[PDB]
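Just below is one structure, and these are the notes that go with it.
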Amino acid sequence: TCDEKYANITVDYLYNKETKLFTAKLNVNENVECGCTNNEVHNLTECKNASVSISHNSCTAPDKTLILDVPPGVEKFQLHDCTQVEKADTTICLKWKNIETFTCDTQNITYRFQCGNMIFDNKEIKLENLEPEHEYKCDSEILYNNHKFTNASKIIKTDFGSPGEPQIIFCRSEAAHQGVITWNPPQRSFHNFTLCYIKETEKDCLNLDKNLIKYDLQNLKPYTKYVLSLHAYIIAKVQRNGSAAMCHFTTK
Ligand SMILES: *[C@@H]1O[C@H](CO)[C@@H](O)[C@H](O)[C@H]1NC(C)=O
Ligand SMILES: *[C@@H]1O[C@H](CO)[C@@H](O)[C@H](O)[C@H]1NC(C)=O
Ligand SMILES: *[C@@H]1O[C@H](CO)[C@@H](O)[C@H](O)[C@H]1NC(C)=O
Ligand SMILES: *[C@@H]1O[C@H](CO)[C@@H](O)[C@H](O)[C@H]1NC(C)=O
Ligand SMILES: *[C@@H]1O[C@H](CO)[C@@H](O)[C@H](O)[C@H]1NC(C)=O
């Protein structure tokens with residue numbers, strides 16, 4: 001009987017973004033008859049059970065009554081980049097968002113991701129310790145009753161990382177109220193330098209142009225131990241500071 005021959009028949013769901021309708025592809029070799037041109041049932045509404053009566057000349061009545069459990073709307077899911085701005089240079093957070101309600105039960109909805117060669121099974125995923133200034137291709141798919149109905153790829157860039165630290169050539173007093181700091185610039189990309197002079201509980205900071213490699217410090221307490229801090233910062237999706245290069249000298 002056709003009900004016997006096709007009792008365990010399987011289906012693949014193909015979404016049309018223009019029509020907002022699904023096509024059910026019947027996983028059979030022979031050209032089957034319904035009541036389904038090229039073994040495809042077209043124009044199926046999302047999250048609605050539809051019935052198809054299947055037969056073929058190679059089998060007798062009763063027909064196989066096949067229930068199509070149609071998945072949710074492909075446009076109702078959005079692959080969102082949830083990366084926290086402060087950690088954008090070393091992390092990736094990807095999450096599928098449910099942008100519109102659907103009637104399908106969510107317990108039958110499964111999300112899968114593939115980043116490098118790592119495979120994840122969850123609505124959201126998080127990658128850490130990534131090297132800054134690189135691009136990664138994360139592939140993802142959504143299953144309904146273990147049936148893939150949608151997929152997407154997300155190419156993500158790991159934002160400008162923290163620069164430096166700079167290499168201090170020297171820092172010495174050259175007058176009773178003066179001290180000089182000279183350095184070499186740090187290796188990564190940055191916007192400016194931040195110089196600090198520390199006299200015990202006291203601390204005053206500055207802002208130096210990326211192009212300078214020397215600084216003069218006037219109006220200082222004579223015969224006093226000073227500590228200079230120097231780091232370079234970059235204004236990325238957040239201000240990222242490089243590690244500080246310490247310096248010590250004592251006035252004349
Ligand atoms: C139904 O599907 C056919 C193609 O199989 C298409 O030509 C037709 O416009 C669709 N009708 C509706 C109402 O979506
Ligand atoms: C379709 O039918 C099955 C039983 O065959 C039922 O459990 C399921 O809830 C129905 N699908 C939807 C979308 O409600
Ligand atoms: C969905 O998956 C298939 C098979 O892996 C792939 O060929 C297709 O390109 C994917 N869809 C998109 C939009 O990339
Ligand atoms: C660098 O420092 C100067 C002086 O403090 C300032 O005018 C400039 O806007 C700073 N650069 C950036 C990118 O903030
Ligand atoms: C970076 O350094 C500045 C001084 O240059 C400091 O005021 C600020 O707290 C630091 N920024 C961040 C985001 O840690």
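In the structure tokens, chains take letters A, B, ... by order of appearance, with residues numbered from 1 within each chain and ligands from 1 in the order shown.
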
Hey, could you make a per-residue contact list for segment 89-163 of chain A against segment 71-76 of chain A with 7 Å as the cut-off, showing the nearest pair of atoms and its distance in Å to one decimal, counting only C-alpha atoms, sorted by chain and number, as JSON lines?
```
{"residue": "A:98", "atom": "CA", "partner": "A:76", "partner_atom": "CA", "distance": 5.9}
{"residue": "A:99", "atom": "CA", "partner": "A:76", "partner_atom": "CA", "distance": 5.3}
{"residue": "A:100", "atom": "CA", "partner": "A:76", "partner_atom": "CA", "distance": 5.1}
{"residue": "A:102", "atom": "CA", "partner": "A:72", "partner_atom": "CA", "distance": 6.4}
{"residue": "A:104", "atom": "CA", "partner": "A:72", "partner_atom": "CA", "distance": 6.3}
{"residue": "A:144", "atom": "CA", "partner": "A:71", "partner_atom": "CA", "distance": 5.9}
{"residue": "A:149", "atom": "CA", "partner": "A:71", "partner_atom": "CA", "distance": 6.9}
{"residue": "A:150", "atom": "CA", "partner": "A:74", "partner_atom": "CA", "distance": 6.0}
```

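Using only C-alpha atoms and all ligand atoms as the basis for the distance check, residues found within 12 Å of ligand 3 are residues 13, 14, 15, 16, 17, 74, 79, 112, 113, 114, 137, 138, 139, 140, 141, 142, 143, 147, 148, 149, 150, 151, 152, 153, 154 and 155 of chain A.
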
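Proximity ranking of A:210, A:250, A:194, A:127 relative to ligand 5 places A:194 first, based on only C-alpha atoms and all ligand atoms.
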
Residues within 10 Å of ligand 4, counting only C-alpha atoms and all ligand atoms, as an mmCIF file with N, CA, C and O atoms, in the first residue's frame:
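File written: selection-v3.cif
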```
data_model
loop_
_atom_site.group_PDB
_atom_site.id
_atom_site.type_symbol
_atom_site.label_atom_id
_atom_site.label_comp_id
_atom_site.auth_asym_id
_atom_site.auth_seq_id
_atom_site.Cartn_x
_atom_site.Cartn_y
_atom_site.Cartn_z
ATOM 1 N N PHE A 190 47.880 53.952 17.967
ATOM 2 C CA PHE A 190 47.368 54.750 19.080
ATOM 3 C C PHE A 190 47.066 56.204 18.647
ATOM 4 O O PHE A 190 47.387 56.602 17.519
ATOM 5 N N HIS A 191 46.456 56.991 19.544
ATOM 6 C CA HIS A 191 46.113 58.375 19.237
ATOM 7 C C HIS A 191 46.929 59.430 19.969
ATOM 8 O O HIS A 191 47.181 60.494 19.388
ATOM 9 N N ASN A 192 47.323 59.150 21.235
ATOM 10 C CA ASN A 192 48.081 60.074 22.086
ATOM 11 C C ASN A 192 48.722 59.393 23.290
ATOM 12 O O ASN A 192 48.371 58.262 23.635
ATOM 13 N N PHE A 193 49.608 60.143 23.981
ATOM 14 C CA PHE A 193 50.308 59.725 25.193
ATOM 15 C C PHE A 193 49.737 60.411 26.421
ATOM 16 O O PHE A 193 49.238 61.529 26.327
ATOM 17 N N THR A 194 49.869 59.768 27.580
ATOM 18 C CA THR A 194 49.428 60.321 28.851
ATOM 19 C C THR A 194 50.600 60.288 29.835
ATOM 20 O O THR A 194 50.995 59.210 30.311
ATOM 21 N N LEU A 206 48.988 64.508 32.043
ATOM 22 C CA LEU A 206 49.022 65.332 30.842
ATOM 23 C C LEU A 206 48.493 64.571 29.623
ATOM 24 O O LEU A 206 47.938 63.475 29.751
ATOM 25 N N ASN A 207 48.660 65.178 28.440
ATOM 26 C CA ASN A 207 48.271 64.627 27.150
ATOM 27 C C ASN A 207 49.302 65.077 26.127
ATOM 28 O O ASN A 207 49.433 66.276 25.853
ATOM 29 N N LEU A 208 50.082 64.119 25.617
ATOM 30 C CA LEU A 208 51.135 64.402 24.648
ATOM 31 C C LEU A 208 50.820 63.852 23.265
ATOM 32 O O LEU A 208 50.329 62.723 23.140
ATOM 33 N N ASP A 209 51.154 64.646 22.232
ATOM 34 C CA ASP A 209 51.007 64.322 20.816
ATOM 35 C C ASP A 209 51.784 63.049 20.461
ATOM 36 O O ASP A 209 52.941 62.901 20.873
ATOM 37 N N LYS A 210 51.153 62.156 19.661
ATOM 38 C CA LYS A 210 51.720 60.874 19.213
ATOM 39 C C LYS A 210 53.118 60.965 18.603
ATOM 40 O O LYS A 210 53.870 59.993 18.675
ATOM 41 N N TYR A 233 47.316 55.785 24.512
ATOM 42 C CA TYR A 233 45.923 55.359 24.431
ATOM 43 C C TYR A 233 45.377 55.458 23.014
ATOM 44 O O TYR A 233 45.841 56.293 22.233
ATOM 45 N N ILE A 234 44.371 54.615 22.694
ATOM 46 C CA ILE A 234 43.664 54.592 21.410
ATOM 47 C C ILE A 234 42.174 54.714 21.659
ATOM 48 O O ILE A 234 41.645 54.048 22.551
ATOM 49 N N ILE A 235 41.494 55.567 20.883
ATOM 50 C CA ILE A 235 40.047 55.688 21.035
ATOM 51 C C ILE A 235 39.300 54.791 20.038
ATOM 52 O O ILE A 235 38.977 55.197 18.914
ATOM 53 N N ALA A 236 39.095 53.536 20.466
ATOM 54 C CA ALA A 236 38.406 52.492 19.726
ATOM 55 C C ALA A 236 36.884 52.604 20.012
ATOM 56 O O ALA A 236 36.400 53.725 20.189
ATOM 57 N N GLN A 239 37.738 53.857 24.981
ATOM 58 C CA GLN A 239 39.144 54.280 25.064
ATOM 59 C C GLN A 239 39.969 53.129 25.633
ATOM 60 O O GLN A 239 39.684 52.663 26.737
#
```

Exercise for review: Taking only C-alpha atoms and all ligand atoms into account, report as a PyMOL selection string which residues have an atom no farther than 7 Å from an atom of ligand 1.
Suggested key: chain A and resi 19+42-43

Dump of N, CA and C atoms for the selected residues, as a PDB file, in the first residue's frame:
```
ATOM      1  N   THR A  19       8.064  35.475  -0.843  1.00  0.00           N
ATOM      2  CA  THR A  19       6.683  35.069  -0.587  1.00  0.00           C
ATOM      3  C   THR A  19       6.395  34.864   0.901  1.00  0.00           C
ATOM      4  N   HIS A  42       4.651  23.328  -2.504  1.00  0.00           N
ATOM      5  CA  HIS A  42       4.893  24.773  -2.428  1.00  0.00           C
ATOM      6  C   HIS A  42       3.868  25.535  -1.601  1.00  0.00           C
ATOM      7  N   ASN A  43       4.200  26.795  -1.275  1.00  0.00           N
ATOM      8  CA  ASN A  43       3.331  27.769  -0.596  1.00  0.00           C
ATOM      9  C   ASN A  43       2.766  27.319   0.745  1.00  0.00           C
TER      10      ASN A  43
END
```

Practice item. Compare A:69, A:4, A:111, A:169 by their minimum atom-to-atom distance to residue 213 of chain A, counting only C-alpha atoms, and give me the closest one. Key: A:169

Point to revise | atom CA of residue 161 of chain A to atom 1 (C, counted along the ligand's line) of ligand 5, distance in Å rounded to a single decimal | key: 13.1 Å

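The environment of residue 62 of chain A within 12 Å, counting only C-alpha atoms and disregarding residues fewer than 4 places along the same chain, consists of residues 1, 2, 3, 4, 5, 6, 7, 35, 53, 54, 55 and 56 of chain A.
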
Practice item. From the DSSP assignment of the backbone, select every residue of segment 40-188 of chain A that is strand (DSSP E or B), and format the answer as a ChimeraX atom specification. Key: /A:40-44,49-55,64-69,77-81,92-98,109-114,119-121,124-127,135-144,147-157,167-175,178-184
